[PDB]
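Below, each chain spelled out in residue letters.
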Amino acid sequence: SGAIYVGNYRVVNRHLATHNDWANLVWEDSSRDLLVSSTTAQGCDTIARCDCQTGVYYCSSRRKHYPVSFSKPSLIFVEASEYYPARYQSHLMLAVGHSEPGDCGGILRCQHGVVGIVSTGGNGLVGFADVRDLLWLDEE
Ligand SMILES: [Zn+2]
């Protein structure tokens, strides 16, 4: 589990979104596994605005933050998981590392802020849903 709290936005994995998230929906995209809902309280996370390919992610199933290199956001074929069939997922970045379903929502961060959240795992790879192209999170 996990979210990003920026401004009056909460960013979560679409497959972990709550009723309250859908009841306060701003934007959602199944192909990216993302959903954004509106918040009453201001959040303090900063979204990275950059093309970094190195950062650090939180892996809840190891209680550890791991430094990783990660790929550029792309349309990636993902094997079936407990929460999606095998499919193409868009705006996804891969690293070599551990990720199980409970790790979804863990933050990937670089020197500029939050890059994205864990979304995929298996075959020794971890996949992150990028948020750096969602420039509207920074405003309004
Ligand atoms: Zn960066």
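The following refers to the structure shown. Residues are labelled from 1 along each chain in written sequence order, independent of how the entry numbers them, and those without coordinates are excluded. Hydrogens and water molecules were not included; the side-chain quantities draw on all heavy atoms of the structure.

## As for the overall build of the chain
Link 1 in the chain: Counting from the N terminus, the helices are DSSP H or I runs at least four residues long and the strands are E runs at least two residues long. Helices and strands together make up the secondary structure of the chain, namely one helix and ten strands.
Link 2 in the chain: Compactness check: the chain gives a C-alpha radius of gyration of 14 Å against a globular reference of 14 Å for 140 residues, within 12% of the reference.
Link 3 in the chain: In terms of overall dimensions, the chain has a C-alpha envelope of 40 × 30 × 30 Å along the principal axes.
Link 4 in the chain: Each residue's exposure class comes from its accessible area (1.4 Å probe, protein chains only) as a fraction of the maximum for that residue type: buried when under 20%, exposed when over 50%, partly exposed otherwise. Counting the 140 residues in the chain, one finds 41% classified as buried. Radius of gyration: C-alpha atoms only; globule rule: 2.2 Å multiplied by the number of residues to the exponent 0.38.

## Here's the deal with the coordination of the zinc ion
Link 1 in the chain: Looking at the zinc ion, one finds its protein donor set to be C50 (SG), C52 (SG), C110 (SG) and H112 (ND1), positioned 2.1 to 2.3 Å from the metal centre.
Link 2 in the chain: Angles of 102 to 118° at the metal separate the four donor atoms of the zinc ion, which places the site in the tetrahedral class.
Link 3 in the chain: Sequence spacing of the donors to the zinc ion: C-x1-C-x57-C-x1-H.
Link 4 in the chain: Relative accessible area serves as the criterion here: at 23%, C50 is assigned to the partly exposed category.
Link 5 in the chain: On the accessibility criterion, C52 (17% relative accessible area) is buried. Counted as donors are N, O and S atoms no farther than 2.8 Å from the metal, or 3.2 Å for Na, K and Ca; water is not among the atoms, and sites may therefore look incomplete. Angle rules define the geometry names used: all angles between 85 and 135 degrees makes four donors tetrahedral, while opposite donors over 155 degrees apart and all other angles between 65 and 115 make four donors square planar and six octahedral, leaving every other case irregular.

## Overview of the sheet that holds strand β7 (residues 87-96)
Across a sheet, paired strands are connected by hydrogen bonds in the backbone, their directions being either parallel or antiparallel.
Link 1 in the chain: Within the open sheet, the seven strands sit side by side as β5-β4-β8-β9-β10-β7-β6. Their pairing is antiparallel. Single-partner strands in this sheet number two, and they are β5 (64-69) and β6 (74-78). The average angle at which neighbouring strand axes cross in this sheet is 50°, direction not considered. In this description, strands pair whenever DSSP reports at least two bridges between them. Note on geometry: axes are lines fitted to C-alpha atoms, helical ones only across the stretch in contact, with angles between N-to-C directions running from 0 to 180 degrees.

## Considerations on a nonpolar patch on the surface
Link 1 in the chain: Among the surface-exposed residues, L75, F77 and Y88 lie close enough to one another that they form a single nonpolar patch of about 360 Å² accessible area.
Link 2 in the chain: Among the structural elements, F77 can be located in strand β6. A patch consists of residues exposed above 30% relative accessible area that lack any salt bridge, with like charges linked at up to 9 Å and nonpolar side chains (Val, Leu, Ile, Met, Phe, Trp, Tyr) linked at up to 5 Å. Using a 1.4 Å probe, the Shrake-Rupley method yields the accessible areas, and only the shown protein chains count as cover for residues. Whenever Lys or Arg places a side-chain nitrogen within 4 Å of a carboxyl oxygen from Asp or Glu, that contact is recorded as a salt bridge.

## Observations concerning the sheet that holds strand β3 (residues 34-44)
Link 1 in the chain: Sheet architecture is open: three strands sit in the order β1-β3-β2, paired in antiparallel fashion. Unpaired on one side and paired on the other, β1 (4-13) and β2 (25-29) mark the two borders of the sheet. Recorded for the sheet is a direction-independent mean angle of 35° between the axes of neighbouring strands.
Link 2 in the chain: The pairing of β1 with β3 spans seven bridges and is antiparallel. Pairing of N13 across the sheet is with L34, part of β3.

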